[PDB]
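Residue numbers (the UniProt record's numbering), protein chains in the order written: chain A, 58 to 113; chain B, 14 to 314; chain C, 267 to 319; chain D, 267 to 274, 304 to 317; chain E, 187 to 300; chain F, 157 to 187; chain G, 428 to 523; chain H, 28 to 117; chain I, 58 to 114.
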């Protein structure tokens, strides 16, 4: 509706998209964490202020 | 009775004044390196000053102005040029509709026609007609190839001994017979005999082979970084040559074109690696010289 | 000590040492020391299973 | 005795003028 | 300066990145993009200094493409602009320009093709 | 060994910078 | 229109032939046209410089998966006896 | 047209030698293979000793100040003696 | 068992390693130390191998 108001025209496009036959997603991390995660490890697991995970 | 110069193969480079004028007119402007949209070649007379029909059609199709090209060509080519002389204009138009043109001397066919005084449709191939055209020697071909190098920044490269092969191939395709080839004897000498001329040809041939070998080795060992990236190379690089390559502005475009996977640089590298694998797979010992392996193949079919 | 480090290390090793990706530490860093392939987790997706020449 | 007897940087690129003059 | 003997995908990707940075979206990207040659056999690298002076070095590893380097640089640019806006820096906004008109020409070309 | 032999085909550097050092250490310490 | 035609001021530029002869043409006259007049000089702008949005990426991934499934189904659609014989014959002719 | 600048020799030839050289050069072979047929050459110059050896000015000039280049001796050009043997229709 | 032996994995004694509650192949610290003591000077051994041995210890 924002772009419709910007263009001063009514858009009547039906059925934009269905989800999927098997819609699978991955866990998204914060905009800064997901790229500035430090390689900090303890005995056998990764350690982050927000996540845990198995490390090898 | 007067001879210009008696020296074993010293008349290679043209006159100093004509070489300077050729470096002036036929030059290599600094190419920007942008994406090339079109590559055109035309034949334009330098004496006349007008907008050619084909170049005008090309510029109108591309939406460009032919009058600017005509003006710059008539301001750069009209002086210090003979009357009614053709020149090869190679235009490179980029995706920004910006065009850069270079001027080049007439082709070998034009040179041969001017040297033989034959006009149009006065020559034809032997398998088409059945008879040779006007007889020629392989000395006018040398003088013609003198004025057609690959780059006017270094007129000595490529070698005349290699240019003459292509120009004589073109003349033979045109349908011209020669005295040194296609004929068991050359033009006779009045002051000399046959055996003296034969032994003189032998000694001149061996000394010219020595000169050709040393000049080829020199030119192959000393080559700019652009030539190292565009052509094969097996010699070490000097610090002064590295500095000159860094001074060169086209180094960026040359490096990018060479890094392109389908470049001649990558082609030669893959060929060399394939030859290494070939030697490692079909070599008698480890230190098998490629020449020794070629001799092996020649002796063992 | 510094000379032995710089003499035993490699250019790709010193390049990929301080690098960290979106998935955390690089798989090369995590599984470069493989005490048998029975321990390796094999976390390569089906889209990445293929490898060019 | 026998052996001693035998013994005795970062530079700026040059942009072509067709790209640089503007 | 010299080109590696074996096919150097890293060198190719960095050259493509420089090409796309020269062709990047800016009134005059030549004032911000600079190329340097390292005769000391220094590995090819990129250094982006933001408006606040902070520097980012995208690690160019084996297998990374120019598109990957551009994605990394642009994500870090978004994060850096967010940091600027949070610090209180007044940033120039994105708008329509001649680069966008040329991209519209390319988009119409693609639409007419397929 | 299989890993190293399959990696060395498409490796970056063709020289023996680190592998020769490893072989030297092995030949000096192991036997 | 004849007055205000393009390159019409050239008739008034050259006041005399003396200045035109004194003006020596340089090689820079050929390269001065290889630069755009208004904008900056750019190396290339292709389809690979068109950024994709999230919905465009999803659409492209769905299209690629559909193409994969379509290829997998065409491999079985063309699995006819005569078509397989033709395919193997062409493969033999290509390898030989 | 050709312009005779200097004579390459010192002994003027005779009509009989000129005619015998022209008749000897009038015939030449074509190709080097089994399908080899003798053909006649056209446009034979009236002079053979001073046609394309030394002492002529070939009209291949491109520039105003560039005079018609003079033709030098046979040995002043490198590689011609091996070209006369290897530049054939192999 | 067929899939196990087809993929090519071996049933080691519990003193060496075993598949833990998450079916991950966990290696005994004693086994890791003995593997280190045997493969100290091999060609493939690395700083990461020493780090993982300390991790297991």
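Even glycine gets a Cβ: it sits at the ideal position worked out from N, Cα and C.
- Message: Does the contact criterion of 3 or more C-beta pairs under 8 Å hold for the stretch 192-209 of chain E versus the stretch 468-478 of chain G?
- Response: yes
- Task: Report the option in B:46, B:137 and B:134 whose CA atom is closest to the CA atom of residue 109 of chain B.
- Result: B:46
- Message: Rounded to whole angstroms, what is the Cα-Cα separation between residue 440 of chain G and residue 434 of chain G?
- Response: 10 Å
- Item | Residue range of the unbroken beta strand (DSSP E) whose run includes residue 65 of chain H | 64-67
- Item | Under 8 Å from the C-beta of residue 307 of chain C: neighbouring residues of chain F | Those within 8 Å of residue 307 of chain C in chain F number zero; the least Cβ separation is about 16 Å.
- Message: For the stretch 453-481 of chain G, list every residue whose C-beta sits within 7 Å of some C-beta in chain D, in sequence order.
- Response: 458, 461, 462, 467 and 468
- Message: Run through chain F and tell me which residues come within less than 9 Å of residue 100 of chain I, C-beta to C-beta.
- Response: 157, 160, 175, 178, 179, 181 and 182
- Neighbourhood of residue 71 of chain B by C-beta distance below 7 Å, restricted to the same chain and skipping five residues each side: 53
- Message: Quick check: is the beta carbon of residue 429 of chain G nearer than 8 Å to any beta carbon in chain B?
- Response: no
- With a cut-off of 8 Å, do at least 3 Cβ pairs link the stretch 38-48 of chain H to the stretch 74-94 of chain H? yes
- Query: At which residues does the beta strand (DSSP E) containing residue 222 of chain E begin and terminate?
  - Reply: 222-224
- Message: Going by C-alpha to C-alpha distance, which of E:223, E:213 and E:200 sits closest to residue 310 of chain D?
- Response: E:223
- Query: Quick one: Cα of residue 450 of chain G to Cα of residue 85 of chain H, how far?
  - Reply: 33 Å
- Have a look at the DSSP bridge pairing and note the partners of residue 104 of chain A. A:109
- Item | Anticipated Cβ contact below 8 Å, residue 106 of chain H with residue 225 of chain B, distance rounded | 6 Å
- Message: Using 8 Å as the cut-off, can you tell me whether the stretch 155-164 of chain B makes contact with the stretch 55-75 of chain H, which would need three or more C-beta pairs spanning the two stretches below that distance?
- Response: no
- For residue 75 of chain I, which residues does DSSP report across the bridge? I:83
- Starting from residue 56 of chain H and walking both ways along the alpha helix (DSSP H), at which residues does that stretch end? No alpha helix (DSSP H) holds residue 56 of chain H; the beta strand (DSSP E) holding it covers 54-57.
- How is residue 107 of chain H classed by DSSP in three states: helix, strand or coil? helix
- Message: I need the straight-line Cα distance from residue 67 of chain B to residue 55 of chain B, nearest angstrom please.
- Response: 8 Å
- Message: Can you confirm whether residue 261 of chain E, when its beta carbon is compared against all beta carbons of chain A, has any partner nearer than 8 Å?
- Response: yes
- Message: Suppose only complete runs of 4+ residues qualify. What are the alpha helix (DSSP H) ranges in the stretch 56-102 of chain B, listed by chain order?
- Response: 66-74 and 79-90
- Query: Would you call the CB atoms of residue 219 of chain E and residue 231 of chain E closer than 8 Å?
  - Reply: no
- Task: Go through its chain and collect everything with a Cβ distance to residue 271 of chain E's Cβ below 8 Å, but skip five positions before and after it.
- Result: 277
- Message: Beta carbons nearer than 9 Å to chain G: which residues of the stretch 106-139 of chain B have them?
- Response: 107, 108, 109, 110, 111, 112, 113, 114, 115 and 116
- Item | Any C-beta of chain I under 8 Å from that of residue 169 of chain F | no
- Message: My output table needs one value for residue 311 of chain B: the three-state DSSP class, helix, strand or coil.
- Response: helix
- Message: Going by DSSP in three states, residue 253 of chain B sits in which element: helix, strand or coil?
- Response: helix
- Message: Can you tell me where the beta strand (DSSP E) holding residue 114 of chain B begins and where it ends?
- Response: 112-117
- How about residue 188 of chain E and residue 281 of chain C: do their beta carbons lie closer than 8 Å? no
- Item | Cross-chain neighbours of residue 274 of chain C in chain F, by beta carbon under 9 Å | 174, 177, 178 and 181
- Item | Cβ-based contacts, 9 Å cut-off: residues of the stretch 213-234 of chain E near chain D | 214, 216, 220, 221, 222, 223, 224, 225, 226 and 228
- Query: Are residue 128 of chain B and residue 100 of chain B closer than 8 Å when you measure CB to CB?
  - Reply: no
- Item | Beta carbon proximity, residue 269 of chain C to chain I, threshold 8 Å | no
- Using Cβ-Cβ distances below 7 Å, what residues of the stretch 203-227 of chain B are close to chain H? 203, 204, 214, 217, 218, 221, 222, 224 and 225
- Message: For residue 113 of chain H and residue 194 of chain B, what's the separation of their Cα atoms in angstroms?
- Response: 8 Å
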